[PDB]
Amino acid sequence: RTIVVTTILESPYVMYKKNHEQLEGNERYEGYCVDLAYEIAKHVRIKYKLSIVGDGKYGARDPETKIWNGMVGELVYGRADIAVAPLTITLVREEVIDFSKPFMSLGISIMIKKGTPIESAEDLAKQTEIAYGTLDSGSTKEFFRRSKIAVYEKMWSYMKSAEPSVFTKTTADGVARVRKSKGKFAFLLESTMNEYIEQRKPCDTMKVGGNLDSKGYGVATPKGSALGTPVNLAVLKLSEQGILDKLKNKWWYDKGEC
């Protein structure tokens, strides 16, 4: 009767509460997706347990074994019933899982340390003093691997063979590399993550230029699940009632430090 909700530790979507080591079960976590899961379970009327994905990945298919990892893999292999997380809606994932209509709209973006002389992806692609990368194993890395746009092909050619690796294990590792690099590392990541980090101390980073593409996050269910329909309607209801706006303001802007 209790459904397993897979998700990932990614601020401010899911975070440990301050005293989480004294707490158990769902009470360990807080954040936008923890709130979204509660609101959705309320409409769909289900009990659920949040489960942080073991491998800390979003979901990609290994080109050799064809095995899905990450939250996507948890759904595909029947280990979770729903993923409530900043999981980007993408073609290759829509072939194997179902997604709700998007609960947030976003785009890939550039994060720089303040004062870095970069205003656009064209600006990063034409030089080499400033290194740049993305999260390993997610949709941003696939965006660059698959692009046929000249500027993005140029960036992919640079990242794919950069040494030491510019592909990071977590977004937090990318942000910390930006922060420690004295302006010599820029990070390509989703605009929602970029906008959150910009409002957090030490307020030393900023999003530059417009977004590179336009996409969304969706709540994901196994292909054919009976949860898919009521979840989708739940998301649309929450959107129309202004709850999603309210949550984004709560988690991004109401605490802003910058």
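Residue indices: 1-based, along the sequence shown. We call the rigid core whatever largest set of C-alpha positions still superposes within 1.5 Å between the two forms.
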property	result
Between stretches 229-237 and 62-70, more displaced by Cα RMS in 4 other deposited structures of this protein (rigid core superposition)	62-70
Greater mean Cα temperature factor according to the PDB record, 17-25 or 245-253	17-25
Between 86-94 and 172-180 (mean CA B-factor, as deposited), the higher	172-180
Member of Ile149, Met104, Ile110, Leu75 with the greatest C-alpha B factor (per the PDB record)	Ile149
Within-chain third of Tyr158 by Cα B-factor, per the entry	highest
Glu190 - which third its CA temperature factor falls in, relative to the rest of the chain	lowest
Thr65, C-alpha B-factor rank within chain (lowest, middle or highest third)	highest
Relative C-alpha B-factor of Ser120, binned into the chain's lowest, middle or highest third	highest
Ranked C-alpha temperature factor of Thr134 among modelled chain residues, by third	middle
